[PDB]
Colleague: 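I have a structure here, written as structure tokens, and I will follow up with some questions on it.
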Amino acid sequence: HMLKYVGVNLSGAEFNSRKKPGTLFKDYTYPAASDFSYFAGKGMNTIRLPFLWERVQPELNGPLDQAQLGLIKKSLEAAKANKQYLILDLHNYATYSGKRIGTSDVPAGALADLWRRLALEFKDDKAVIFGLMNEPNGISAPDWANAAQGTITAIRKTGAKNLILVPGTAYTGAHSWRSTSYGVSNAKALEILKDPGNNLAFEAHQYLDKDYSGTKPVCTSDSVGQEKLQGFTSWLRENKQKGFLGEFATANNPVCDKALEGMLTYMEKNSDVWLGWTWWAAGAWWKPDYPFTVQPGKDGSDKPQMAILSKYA
Ligand SMILES: OC[C@H]1O[C@@H](O[C@H]2[C@H](O)[C@@H](O)[C@H](O[C@H]3[C@H](O)[C@@H](O)[C@@H](O)O[C@@H]3CO)O[C@@H]2CO)[C@H](O)[C@@H](O)[C@@H]1O
Ligand SMILES: OC[C@H]1O[C@@H](O[C@H]2[C@H](O)[C@@H](O)[C@H](O)O[C@@H]2CO)[C@H](O)[C@@H](O)[C@@H]1O
């Protein structure tokens, strides 16, 4: 891989998110150790690991749940043994128990407390990357930037030097990074951020269906992926920052495969600012018809998109 980090999301611990705490093996699962080794064998050195804020910290501002922390640490052992980095993805959409950050129910400081606690646990783990928040939305770009700043500050106060992946609002879409239609863009709002540890990257997501939601197995053209990364890529370069494509996916059809090749090629060509990417998704709990799975079959076989991903890994 010409990029520093390439890999996949191992989805499952964030499943059935209505259920709190939920029960391990019933409502959610952590990955199998063999998942880590399978992806390592395909050249992937990075695993993004979604998990829920509510499951790791069952009361705001309170202690971490030790069983949940143990599950995360067990995944970290597997990643380390397979020479992989582990992105801790707080997979929460800027919400806690369905209430948005910035409401009276969930002050921005609560997110900083969560990350203070995780940083204290993982500050001495070089393999660990802090994915502050999956797809904030329903919060303005400046208000999210303030919440992100508080979180970065909290992490650095612990002495942690780990890479922090910082999203924007608007589901952190690459395509909409610079949009001012509805007010302040992510581009403008996030220029304010300061990381005293100088080890930050901006996390964007990009899907290729009509509304960039990844809800349909369509890529609207054979070039749309690279097209939608251009504005964000330029913003990174303009601001001397780095980026990370925390989620992206394409379905198994010719137009999508061309788009996939194009976007992977584009990131390699622009490796001065792209640190890497993690495909959405693998994990053992996707249904047979899920269009974006790269979890190997029970028969051991590779999924179709993996033949392309592996060429860039
Ligand atoms: O990106 C994955 C994420 O998608 C969420 O859907 C979002 C899309 O990300 C977002 O692009 C779309 O934005 C639209 C905007 O709200 C409209 O007002 C108008 O400007 O068009 C935009 C699309 O070009 O909004 C949808 C939500 O409606 C999924 O909800 C989420 O599950 C998923 O992870
Ligand atoms: O419907 C199956 C399964 O979906 C889980 O949510 C998925 C969702 O289907 C997918 O579109 C999105 O990209 O990822 C999420 C997982 O983060 C859901 O959590 C389960 O309750 C449900 O059984």
Side-chain angles (χ1 to χ4, degrees), residues 8-31 35 47-56 87-95 97-98 100 131 133-141 144 165 167-187 202-221 224-225 227-229 231-232 243-252 259 263 277-295 303 305:
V8 301
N9 283 265
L10 293 180
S11 170
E14 83 290 9
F15 270 39
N16 297 297
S17 66
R18 293 190 293 275
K19 315 230 176 194
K20 180 183 185 289
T23 301
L24 182 69
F25 304 121
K26 178 174 198 192
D27 304 306
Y28 68 93
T29 188
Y30 275 71
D35 297 336
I47 297 299
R48 183 165 181 260
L49 184 72
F51 62 91
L52 300 187
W53 190 355
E54 299 88 346
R55 293 181 175 143
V56 81
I87 301 163
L88 300 183
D89 158 26
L90 194 73
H91 201 89
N92 270 75
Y93 307 92
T95 70
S97 288
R100 196 78 65 192
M133 182 60 67
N134 184 64
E135 299 188 0
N137 63 277
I139 180 165
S140 72
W144 172 256
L165 302 182
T169 191
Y171 305 92
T172 208
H175 62 96
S176 56
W177 197 254
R178 306 182 83 132
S179 176
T180 58
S181 301
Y182 243 120
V184 178
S185 65
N186 278 324
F202 289 87
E203 179 178 333
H205 295 184
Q206 190 62 55
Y207 292 95
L208 300 194
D209 59 342
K210 184 187 195 297
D211 72 340
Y212 321 105
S213 64
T215 55
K216 298 294 158 46
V218 173
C219 305
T220 57
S221 81
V224 65
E227 289 164 8
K228 295 306 174 179
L229 297 185
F232 177 72
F244 195 104
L245 198 64
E247 297 184 14
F248 68 115
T250 55
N252 181 33
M263 77 190 298
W277 49 253
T278 44
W279 172 272
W280 185 276
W285 280 19
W286 296 111
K287 299 201 222 80
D289 69 347
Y290 189 59
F292 305 139
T293 181
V294 296
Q295 185 70 9
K303 292 291 185 293
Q305 297 96 315

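Each ligand, and each atom within it, is numbered from 1 in the order the structure gives. Along the sequence shown, residues are numbered consecutively beginning with 1. Side-chain atoms are counted along with the backbone in the values below, which use heavy atoms only and exclude waters and symmetry mates.
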Colleague: Determine, using ring centers only, whether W277 and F248 are less than 6.0 Å apart.
Modeller: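 They qualify: ring centres under 6.0 Å apart.
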Colleague: How close does the nearest protein non-hydrogen atom get to atom 9 (O) of ligand 1, and which residue and atom is it?
Modeller: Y212 O, 3.5 Å
Colleague: Under 4.0 angstrom from atom 17 (C) of ligand 1, is there any protein heavy atom?
Modeller: no
Colleague: What protein heavy atom sits nearest atom 27 (C) of ligand 1, and how far off is it?
Modeller: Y171 OH, 3.8 Å
Colleague: Nearest 0.5 Å please: distance from the CG atom of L245 over to the CZ atom of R48.
Modeller: 10.0 Å
Colleague: Hey, can you tell me if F292 and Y207 have their rings parallel, tilted or perpendicular (30° and 60° cut-offs)?
Modeller: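 Aromatic pair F292/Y207 classed tilted.
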Colleague: Counting only heavy atoms not in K20, do more than 12 fall under 6.0 Å of its NZ?
Modeller: yes
Colleague: Nearest 0.5 Å please: distance from the CG atom of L52 over to the CZ atom of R55.
Modeller: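 Answer rounded to 0.5 Å: 4.5 Å.
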Colleague: Are any of the protein's heavy atoms under 4.0 angstrom from atom 1 (O) of ligand 1, yes or no?
Modeller: yes
Colleague: Out of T172, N134, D211, who is nearest to atom 12 (C) of ligand 1 when you count heavy atoms only?
Modeller: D211
Colleague: Protein heavy atoms: any of them under 4.0 Å from atom 4 (O) of ligand 1?
Modeller: yes
Colleague: If I take atom CG from residue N92 and atom CZ from residue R100, how far apart are they, to the nearest 0.5 angstrom?
Modeller: 10.5 Å
Colleague: State the atoms of ligand 1, each with its element, that fall below the 4.0 Å cut-off from a heavy-atom position in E135.
Modeller: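 Atoms satisfying the 4.0 Å criterion: 1 (O), 2 (C), 3 (C), 31 (C), 33 (C), 34 (O).
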Colleague: What distance do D89 atom CG and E135 atom CD have between them, rounded to the nearest 0.5 Å?
Modeller: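 Taking CG in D89 and CD in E135, the distance rounds to 9.0 Å.
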Colleague: Any protein heavy-atom neighbour for atom 21 (O) of ligand 1 (distance below 4.0 angstrom)?
Modeller: no
Colleague: Which ligand 1 atoms, with their elements, are less than 4.0 angstrom from a heavy-atom of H175?
Modeller: 11 (O)
Colleague: Check whether the ring centres of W286 and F15 lie less than 6.0 Å apart, and answer yes or no.
Modeller: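 Ring centres of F15 and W286 closer than 6.0 Å.
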Colleague: Would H205 and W279 count as a close aromatic pair, with their ring centres under 6.0 Å?
Modeller: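 Ring-ring flag for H205/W279: false, centres at least 6.0 Å apart.
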Colleague: For atom 7 (C) of ligand 1, is the nearest protein heavy atom closer than 4.0 Å?
Modeller: yes
Colleague: Hey, is atom 24 (O) of ligand 1 touched by any protein heavy atom at less than 4.0 Å?
Modeller: yes
Colleague: Let me confirm one number: the OG-CG distance from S11 to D35, rounded to the nearest 0.5 Å.
Modeller: 11.0 Å
Colleague: With hydrogens left out, which residues have an atom under 4.0 Å from ligand 2, given that only heavy atoms count?
Modeller: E14, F15, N16, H91, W280, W286, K287, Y290
Colleague: Angle between ring planes, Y30 versus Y28, binned at 30° and 60°: parallel, tilted or perpendicular?
Modeller: perpendicular
